[PDB]
Amino acid sequence: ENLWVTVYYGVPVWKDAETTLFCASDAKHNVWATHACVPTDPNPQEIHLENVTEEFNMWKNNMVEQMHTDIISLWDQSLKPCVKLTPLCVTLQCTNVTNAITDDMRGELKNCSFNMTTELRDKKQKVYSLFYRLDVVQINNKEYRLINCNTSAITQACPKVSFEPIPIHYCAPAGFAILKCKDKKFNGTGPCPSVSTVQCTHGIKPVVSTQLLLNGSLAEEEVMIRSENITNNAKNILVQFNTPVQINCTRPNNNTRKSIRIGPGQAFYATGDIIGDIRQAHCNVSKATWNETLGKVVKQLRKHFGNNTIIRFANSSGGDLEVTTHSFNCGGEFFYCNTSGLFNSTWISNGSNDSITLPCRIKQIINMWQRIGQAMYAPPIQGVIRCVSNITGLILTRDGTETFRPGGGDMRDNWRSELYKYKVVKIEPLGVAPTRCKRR
Amino acid sequence: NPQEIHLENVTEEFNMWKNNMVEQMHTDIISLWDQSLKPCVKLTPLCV
Amino acid sequence: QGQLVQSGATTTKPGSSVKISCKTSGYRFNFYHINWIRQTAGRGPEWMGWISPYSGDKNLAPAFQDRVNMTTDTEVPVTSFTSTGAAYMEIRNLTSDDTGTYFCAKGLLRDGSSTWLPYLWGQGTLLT
Amino acid sequence: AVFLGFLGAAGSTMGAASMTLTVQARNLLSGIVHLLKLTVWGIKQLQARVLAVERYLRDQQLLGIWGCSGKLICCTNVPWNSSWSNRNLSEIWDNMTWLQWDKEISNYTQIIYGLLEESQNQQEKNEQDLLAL
Amino acid sequence: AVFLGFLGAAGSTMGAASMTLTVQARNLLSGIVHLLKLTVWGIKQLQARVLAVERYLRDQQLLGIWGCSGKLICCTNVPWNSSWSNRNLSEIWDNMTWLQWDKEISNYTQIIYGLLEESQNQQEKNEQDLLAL
Amino acid sequence: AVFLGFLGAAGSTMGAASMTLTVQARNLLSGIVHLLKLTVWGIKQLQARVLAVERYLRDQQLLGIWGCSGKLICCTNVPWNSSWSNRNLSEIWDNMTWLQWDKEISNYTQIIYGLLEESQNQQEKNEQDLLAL
Ligand SMILES: *[C@@H]1O[C@H](CO)[C@@H](O[C@@H]2O[C@H](CO)[C@@H](O[C@@H]3O[C@H](CO[C@H]4O[C@H](CO)[C@@H](O)[C@H](O[C@H]5O[C@H](CO)[C@@H](O)[C@H](O)[C@@H]5O)[C@@H]4O)[C@@H](O)[C@H](O[C@H]4O[C@H](CO)[C@@H](O)[C@H](O)[C@@H]4O)[C@@H]3O)[C@H](O)[C@H]2NC(C)=O)[C@H](O)[C@H]1NC(C)=O
Ligand SMILES: *[C@@H]1O[C@H](CO)[C@@H](O[C@@H]2O[C@H](CO)[C@@H](O[C@@H]3O[C@H](CO[C@H]4O[C@H](CO)[C@@H](O)[C@H](O[C@H]5O[C@H](CO)[C@@H](O)[C@H](O)[C@@H]5O)[C@@H]4O)[C@@H](O)[C@H](O[C@H]4O[C@H](CO)[C@@H](O)[C@H](O)[C@@H]4O)[C@@H]3O)[C@H](O)[C@H]2NC(C)=O)[C@H](O)[C@H]1NC(C)=O
Ligand SMILES: *[C@@H]1O[C@H](CO)[C@@H](O[C@@H]2O[C@H](CO)[C@@H](O[C@@H]3O[C@H](CO[C@H]4O[C@H](CO)[C@@H](O)[C@H](O[C@H]5O[C@H](CO)[C@@H](O)[C@H](O)[C@@H]5O)[C@@H]4O)[C@@H](O)[C@H](O[C@H]4O[C@H](CO)[C@@H](O)[C@H](O)[C@@H]4O)[C@@H]3O)[C@H](O)[C@H]2NC(C)=O)[C@H](O)[C@H]1NC(C)=O
Ligand SMILES: *[C@@H]1O[C@H](CO)[C@@H](O[C@@H]2O[C@H](CO)[C@@H](O[C@@H]3O[C@H](CO)[C@@H](O)[C@H](O)[C@@H]3O)[C@H](O)[C@H]2NC(C)=O)[C@H](O)[C@H]1NC(C)=O
Ligand SMILES: *[C@@H]1O[C@H](CO)[C@@H](O[C@@H]2O[C@H](CO)[C@@H](O[C@@H]3O[C@H](CO)[C@@H](O)[C@H](O)[C@@H]3O)[C@H](O)[C@H]2NC(C)=O)[C@H](O)[C@H]1NC(C)=O
Ligand SMILES: COc1ccnc2[nH]cc(C(=O)C(=O)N3CCN(C(=O)c4ccccc4)C[C@H]3C)c12
Ligand SMILES: *[C@@H]1O[C@H](CO)[C@@H](O[C@@H]2O[C@H](CO)[C@@H](O)[C@H](O)[C@H]2NC(C)=O)[C@H](O)[C@H]1NC(C)=O
Ligand SMILES: *[C@@H]1O[C@H](CO)[C@@H](O[C@@H]2O[C@H](CO)[C@@H](O)[C@H](O)[C@H]2NC(C)=O)[C@H](O)[C@H]1NC(C)=O
Ligand SMILES: *[C@@H]1O[C@H](CO)[C@@H](O)[C@H](O)[C@H]1NC(C)=O
Ligand SMILES: *[C@@H]1O[C@H](CO)[C@@H](O)[C@H](O)[C@H]1NC(C)=O
Ligand SMILES: *[C@@H]1O[C@H](CO)[C@@H](O)[C@H](O)[C@H]1NC(C)=O
Ligand SMILES: *[C@@H]1O[C@H](CO)[C@@H](O)[C@H](O)[C@H]1NC(C)=O
Ligand SMILES: *[C@@H]1O[C@H](CO)[C@@H](O)[C@H](O)[C@H]1NC(C)=O
Ligand SMILES: *[C@@H]1O[C@H](CO)[C@@H](O)[C@H](O)[C@H]1NC(C)=O
Ligand SMILES: *[C@@H]1O[C@H](CO)[C@@H](O)[C@H](O)[C@H]1NC(C)=O
Ligand SMILES: *[C@@H]1O[C@H](CO)[C@@H](O)[C@H](O)[C@H]1NC(C)=O
Ligand SMILES: *[C@@H]1O[C@H](CO)[C@@H](O)[C@H](O)[C@H]1NC(C)=O
Ligand SMILES: *[C@@H]1O[C@H](CO)[C@@H](O)[C@H](O)[C@H]1NC(C)=O
Ligand SMILES: *[C@@H]1O[C@H](CO)[C@@H](O)[C@H](O)[C@H]1NC(C)=O
Ligand SMILES: *[C@@H]1O[C@H](CO)[C@@H](O)[C@H](O)[C@H]1NC(C)=O
Ligand SMILES: *[C@@H]1O[C@H](CO)[C@@H](O)[C@H](O)[C@H]1NC(C)=O
Ligand SMILES: *[C@@H]1O[C@H](CO)[C@@H](O)[C@H](O)[C@H]1NC(C)=O
Ligand SMILES: *[C@@H]1O[C@H](CO)[C@@H](O)[C@H](O)[C@H]1NC(C)=O
Ligand SMILES: *[C@@H]1O[C@H](CO)[C@@H](O)[C@H](O)[C@H]1NC(C)=O
C-alpha cells in the first residue's frame, strides 16, 4: 500500500555487451606473446548460476571477432622487427637437387643459386639455397623467381620466435563477466539451460589449421554439428568430435640452415642441403579410428537430412592451396596435406591394422590470408620434424543424396570451434524496487 | 621546493643490489637512446 | 501468464490404474510446485498432493499415502523465463468410489509461507 | 551456510538475492585486470583497467546524488507510482528474480532516477534550513 | 518550472544557482567522452577519459576529508572569519553570482580548505571518544 | 604545534600517529603525477596516473562495504577476537607503531575484512526493517 522506491547496489542483473578482453596465461618467446599476459590464477574460479537460463548465439559472438583481430595483430607485431627479404626477389638459376627418384618428384625441391648483396654495397656474391617448388615460378631456360615477387613484399620470421601455440585465456574487465554454456548437448544457439560464470575462459591454443581442427576441445557426449543455417549449403558445417582421432606428421628430410649475410645486420637463412635420404613429408592417421569417427559424424548428420538419405564424403573442389589441403604448422614448417584419402567414402542408409597416409607438401613463402601485399618467409627448420596431435573436429561443406567436402580458409571459424560456449555480459549492479521502507 | 620529510624514530632496511630503481633507469636510458635514434639517417649506403 | 492443459477424459472400471497428464506453458516449470486436486461428488474437494518439479520432492495426503505415484519429467527451455513441463498422476488400488473431476494446479509463489498453494489450475478431466 | 558466489543467486528470488549484495559489490573493481608496455596485449589490459574504474564511478556518482553514498540498501522518499509496476510486495520479493524484474521496470528506470535525484537535492535544502537555528 | 540547464544559472544569484546544483553535478563524469586503438584520435580520447575521472576524484577526496561525502550542501563547524569577506548574507545570496563570489574569495580558499580539514579530523576524534562508553 | 609532515609519525606510537591521519590521507591521489604524448616518458606518466586512481579506489571500496565511507576513524560492531592479538589497549596505542602493529596483525587482516563486510550488510538489512514502520 504505502510503497517507496528503495535502491539496491550490487544486484545480480546483466546485459549482453561487447568489451575488450585481455589475455591470461600460465607461467623462449612465441609469436602469441603469452609472456606479456597476466598470470592465470591456479584456482580458476567457476561460479554456477542455479536456476539461470541464458540465450547464446555463437554466430554473433564478438569474442571470436576480437580473437580474430588479436591473432592477426600478434603476427603483425611479431614480424615487425624482422628481416626484409626484398633483395631475395632476384633472378634465380635453379637445378633439380639429387635423388633421381620417381618421375616428377625431383622438381618438388630445387637447388637455386643467385647473386646476392653483401655487407659492402658495391660487391656482389654468388650464393645458393634449396627452395621448395611451391615457393618459385618459372620465367620461360631454368630461371626462376620467388613466388611472392609480383604480388607482395616478404619478411622472414625472426628465427628465435616459437610457432608453437600456447594456451591463451581470455578475461573480461571488472564489471563484466563471462558466461559459459555447460549444456553437454548444446547446439551453439538458443536457450542454454545450464549456465556458469567465469573470470576467464579455459586455455585456448591459437592453432590455425584447415579442414581438420587440431588439438582442440572435445565434446563429452556424442558429436555435435554446428551451422547457423544448416539448411543453407553456403554456411560451413563445424563438427566436433568427442573422441580424439590421432594424427602423426613428419618431414623426414634432415635439413641444414645456412645463414647468408645479405646486408649489414641482415641475414637470410637459406636451406643448406639434406643430410641423408630425400623422402616425402606425410601424415598418418589410424585407418580404424578414422572410419569409426567418420561414422559418428554420419549419425549426427542424419538428424538434419533423414534416417533414409545417403550422405557422401568427397575431397575438396578447388580453391587456394591452403584451403584444398589440411594445411597447418608442424615444428615450424607449414605442411599442405592432400586429404583425398580422408574424404572418399559413401555411406548407405543403414583395415583394423594399418593406417592411411597423407602426402603433404611444404611451403616457406606463405601469403597473408585476408590481405595482399604482405607475405611471410618461414625460416628453414634444422633436423627431422615430427609432431603428434589429435583431430578434434572438422570444417565441412555441403553442395545442396548428400555430399560433404571440407574446406574453410577463414581463421575465425577456428576460434568459433572453441568460443562457442562463452558469452560476454556487463553487470548492472544498481536496482530500484518498491518496499514499505521510507527514509528518515 | 623539493619537499623532504624526515621520519623520526624510523629505521628502514636497504639493499642497493636488489633495488629496482636502477633496473628501471637502465631500461629507461636505453629506451631514450632508442627513441632518439629512430627518426635519424640510416648510413647503410656508407658500407661501401 | 501460464497454461496447464490436461489429458483426456479417461473411462475405466475398478481395479485398474490410469495416468493423468498436465502440460505447462508460459512460465518456468521448475519454479513452482505442481498440485493434484480431486473434486468428487460424494465428498468435499480433496487436496491429493504436490510435487517439486525442481527438487523432485513430493508430499501428499495420508488418504493417498501408498496409493498414488506423482512424477514429472524435466522441462524444456523456451526462453530465459519460459519453459514447457509435464506432470503425471497415478492411482493404485483403484475402485469406482474415486470418480470425479481431477485438476492440476501449480504453486503460488517461489518463497514464503504460501509457496505450494494451488494458484493456476487446469481445465480438469472427467473420469469413470 | 549458503554462499553461492559471485552472481550465484541471479536466478533466485529478489528477496533472496538481496541478502547477498556484498558478493557482487566487491567484484566490480577487482578481477585480475607492472610496467605499462604498449604491446598488443598491453594496450588491451590498459583499456580493461580504465574501463572498470569508469563504469564503477558512474554507479557511485548516481548513489551520491541520490543520498545513498556507501549504501548497499538505502531507503528513499520517492513513492512507488503503481504505473511503474502494479505488482504486490510478496509476488515480487518472493517470486521474481532481479533479471526478470529489471526487464519490466526498464522503461521507467530513467523516470525513477530523476525523482530520486531531486528528492535528495530538496532534502539537503531542508536539512540546511533546519540547522539554520 | 525553470530548469535552465547545465551552467544555466551561472549568471544568476548565488541563492538561485544553489538550488540547481544537481544540474552541474551529474555532468562532471559523463559527457560523451569500444576497442582502445592508439590512433591520433584514439590517444586523444583516452586522455579525455583519464582526465575526467582524475579531476572528479580530487573534488570527492576533498569532500571526504571535510566530512561532506555524498553531499551537495553540507554545513560545517568552521566559523566565517570576516577577513575573508565582510559582506552580509543578503548582499551575497541575493546579489552576487558564484563567479564574482569565487573571484573575491579566491585568496583565502586555501585557508578555508585547511580549517575544514582539521575540523573534520578533530570531530571524528570526538565521536570515537563519545562512543567509548 | 607539531605537524611532522607526510608519514612524519611513522615511527611514533599508534595513538600519536592516529591524530594526524589527514596528513597521509590527502597525499594518496595528488603528488605531481597536458597533451597525452606516448613518448618513453609519456607512457610512464600515464601509468603513474592510472595506477594512483586504481589503488585509491580499492581502499575507498573497502571503506564503502564496511559502512565507513568518508571516515578516517570509524567504529564497528566486530568484536576483537583475542586470538588476533592478546595485547592490551595501553601497550598498543602508547607503545607500538602502526608498522610493527601491521606486522603482527597481518595474518588475520583478511579475516577481519570479512567480518567487517558482513557486519555492514546485516546492519543495513536491520535498518531497512526498522524503517518499515
Ligand atoms: C531455484 O528455484 C527453485 C524453485 O523455485 C527454488 O526451490 C524453492 O525454494 C523455496 C525457498 O528456497 C522453497 O520454499 C520453501 O518450501 C519449504 C517446504 O519444503 C519443506 O517441506 C517439505 C515437505 O514437507 C520437506 O520435504 C522439506 O524438507 C527437506 O526435504 C527436501 C527434499 O528434497 C529438501 O530439499 C529440503 O531442502 C528439506 O531439507 C522442506 O523442509 C518451506 O519449509 C519454506 O518455508 C519456510 O521458509 C520460508 C522462507 O523461505 C518462511 O517464510 C516460512 O515461514 C517457512 O519458515 C519455503 O516456503 C520451495 O519449496 C523450493 N521448491 C520449489 C518452489 O519447487 C530454489 O531455492 C532456487 N535456488 C536458487 C539458488 O535460486
Ligand atoms: C538575470 O538578471 C536579472 C537582473 O538581476 C534578473 O531579473 C531580476 O530577477 C529578480 C528575481 O528573479 C527579480 O526580483 C523580483 O522582483 C519582483 C518584482 O516584479 C514584480 O512586480 C512587477 C511590478 O509590479 C510586475 O510587473 C511583475 O509581474 C510580471 O511582469 C513582468 C513583466 O516583464 C514579468 O517579467 C514578471 O516575471 C512577472 O511575470 C513581477 O511580478 C518581486 O515580485 C520578487 O519578490 C518575490 O520573490 C522573492 C524571491 O525572488 C521573495 O523574496 C519576495 O518576498 C517576493 O515573494 C523579486 O523581488 C527582479 O525584479 C528582476 N529584475 C531586475 C532586477 O531588474 C533575472 O532573474 C536573472 N536571470 C537569470 C536566469 O539569471
Ligand atoms: C620518538 O621516540 C621517542 C622514544 O619513545 C619518543 O620520546 C618519548 O615521547 C614520550 C611521549 O611523547 C615521552 O613520554 C612523556 O614523558 C614526559 C616526561 O618528561 C617530562 O619530565 C622530564 C623530567 O622531569 C622533563 O625534563 C621534561 O621537560 C622538558 O625537558 C626535556 C629535555 O630534553 C624535553 O625534551 C621535554 O620535551 C620537556 O620540554 C618532560 O616535561 C611526561 O611529562 C609525559 O606525560 C604527559 O603526557 C602524557 C601524554 O603524552 C599524558 O598521558 C600524561 O598524563 C602527562 O600529561 C609523557 O609520559 C617520553 O618521555 C619520551 N622519551 C623517552 C620514551 O625516552 C618521541 O616522542 C618519539 N618521537 C616521534 C616523532 O615519534
Ligand atoms: C647445389 O648446387 C651447388 C652448385 O651451385 C652445389 O655446390 C657444389 O657441389 C659440388 C659437389 O659437392 C662441389 O664440388 C666438390 O668440391 C669438393 C671440395 O673441393 C671436392 O672434394 C669434390 O670432389 C667436388 O669437386 C662444389 O664445390 C660446390 N660448389 C659450391 C659453390 O658450393 C651443391 O652441392 C648442390 N647441393 C645440393 C644439395 O644439390
Ligand atoms: C598439438 O599439441 C602437441 C602437444 O601439445 C604438439 O606436440 C609438440 O610438438 C612440438 C614440435 O613438433 C614439440 O617440440 C619439440 O620437442 C622436441 C623434444 O623436446 C625437440 O626435439 C624439438 O626441437 C621441439 O622443440 C613438443 O615437444 C610437442 N609436445 C608434446 C607434448 O609432444 C603438436 O605440435 C600440436 N600440433 C599442432 C598442429 O600444433
Ligand atoms: C602469412 O600470414 C601473415 C604474413 C605476414 N604478415 C602477417 N600479419 C598477420 C598475418 C596473419 O596472422 C596471417 O594471415 N596468418 C596466416 C595463417 N596462419 C597460419 O598459421 C597458417 C598458414 C598456412 C597454413 C596453415 C596455417 C596464421 C598467420 C601466419 C600475416
Ligand atoms: C641430421 O644431420 C646432422 C648433421 O648434419 C646430425 O648431427 C650429428 O649428430 C651426431 C649424433 O650421433 C653427432 O655425433 C654429430 O657430431 C652431428 N653432426 C653435426 C654436423 O652436427 C644429426 O644427427 C642428423 N639427425 C638425424 C635424425 O639423423
Ligand atoms: C603416432 O605416434 C605415437 C608415438 O610416436 C604412437 O603412440 C605409441 O603407440 C605405441 C603402441 O604400441 C605405444 O607403445 C607408445 O607408448 C605410444 N607412444 C606415445 C608417445 O603415446 C601412435 O600409435 C602413432 N599413431 C599413428 C596413427 O601413427
Ligand atoms: C626436374 O625433374 C623433372 C622430372 O624429371 C623434369 O621434368 C624437370 O625438367 C627437371 N628440372 C630441372 C631444372 O632439371
Ligand atoms: C651473377 O651476375 C653475373 C654477371 O656479373 C652473371 O653472369 C651470373 O649469371 C649471375 N649469377 C646468377 C646465379 O645468375
Ligand atoms: C604473379 O605471377 C603468377 C605466376 O604464376 C600469376 O599466377 C599471378 O596471377 C601473378 N599475380 C598478379 C597479381 O599478377
Ligand atoms: C540448434 O538447436 C536448438 C535447440 O533448441 C534449436 O532450437 C535450433 O533450431 C537449432 N539450430 C539449428 C541451425 O539446427
Ligand atoms: C536458410 O537457407 C534457406 C535456403 O538456403 C532459406 O530458405 C532459409 O530462410 C534460411 N534460414 C534462415 C533462418 O535464414
Ligand atoms: C532415426 O533413427 C533413430 C534411431 O537410430 C531414432 O531414434 C529416431 O527417432 C529416428 N528418426 C526418424 C525421423 O526416423
Ligand atoms: C580430388 O580427387 C580427384 C580424383 O582423381 C583428383 O583428380 C583431384 O585432384 C582431387 N583434388 C584434390 C584437391 O586433391
Ligand atoms: C591428391 O591425391 C590424389 C590421390 O590420392 C591425387 O589423384 C590428386 O591429384 C592429389 N591432389 C593433388 C592436388 O595433387
Ligand atoms: C512411479 O512410476 C515410475 C515409472 O517409471 C517408477 O519407476 C517409480 O518407482 C514409481 N514410484 C514409486 C514410488 O514406486
Ligand atoms: C505516475 O506517473 C504519471 C506520469 O508518468 C503521472 O501522470 C501520475 O500522476 C503519477 N501517479 C502518481 C500516483 O504519482
Ligand atoms: C511471478 O512472476 C511472473 C513473472 O512474469 C508472473 O507472471 C507471475 O504472475 C508471478 N506470480 C504471482 C503469484 O504473481
Ligand atoms: C516499454 O516500451 C516498449 C516500447 O515499444 C513497449 O513495447 C513495452 O510494452 C514497454 N514496457 C513497459 C513495461 O512499459
Ligand atoms: C582571521 O584570520 C586571521 C589570519 O588569517 C587571524 O589572525 C584572525 O585571528 C582570524 N579572526 C577570527 C575572528 O578568527
Ligand atoms: C588577493 O591577492 C592579490 C595579490 O596581489 C591582491 O592584489 C588582492 O587584492 C587580494 N584579494 C583579496 C580579496 O584579498
Ligand atoms: C576467534 O576465531 C576463531 C577462528 O579464527 C574461532 O574459532 C573462535 O571461536 C573465535 N573466538 C571468539 C571469542 O570469537
Ligand atoms: C603468520 O603466519 C606465518 C606462517 O608461516 C607464521 O610463521 C607466523 O607466526 C604467523 N603470525 C601470526 C601473528 O599469527
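Atoms within each ligand, like the ligands themselves, are counted from 1 in listed order. Reminder, nothing fancy here: chain letters follow the sequence lines and each chain counts from 1.
- For A:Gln240 and A:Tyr420, the side-chain atoms include at least one donor-acceptor pair closer than 3.5 Å.
- For ligand 23, the 4.0 Å heavy-atom shell takes in F:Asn81, F:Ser83, ordered by chain and residue number.
- In this structure, a donor-acceptor pair under 3.5 Å is absent between the side chains of F:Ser90 and F:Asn88.
- In this structure A:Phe241 satisfies the ring-ring contact (aromatic ring centres under 6.0 Å, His included) test with no other residue, sequence neighbours excluded.
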Dump the pairs for me: ligand 2 N or O, protein N or O, distance under 3.5 Å, to 0.1 Å.
{"from": "ligand 2", "atom 1": "72 (O)", "to": "E:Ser12", "atom 2": "OG", "distance (Å)": "2.6"}

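- Looking only at atom types and distance, the side chain of C:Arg28 has a donor-acceptor partner in the side chain of A:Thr53 under 3.5 Å away.
- Centroid-to-centroid, the aromatic rings of A:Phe56 and A:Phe186 come within less than 6.0 Å.
- Sorted by first and then second residue, the pairs that involve residues 96-118 of chain F and meet salt bridge (charged side-chain N to carboxylate O under 4.0 Å, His left out), not counting sequence neighbours, are D:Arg26-F:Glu117, F:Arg87-F:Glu104.
- Counting only heavy atoms from C-beta outward, the side chains of E:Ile92 and E:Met14 approach each other to under 4.5 Å.
- Between A:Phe313 and A:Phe404, the ring-plane angle classifies as tilted under the 30° and 60° cut-offs.
- Ring pair F:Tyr113/F:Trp66 is tilted by interplanar angle, where 30° to 60° counts as tilted.
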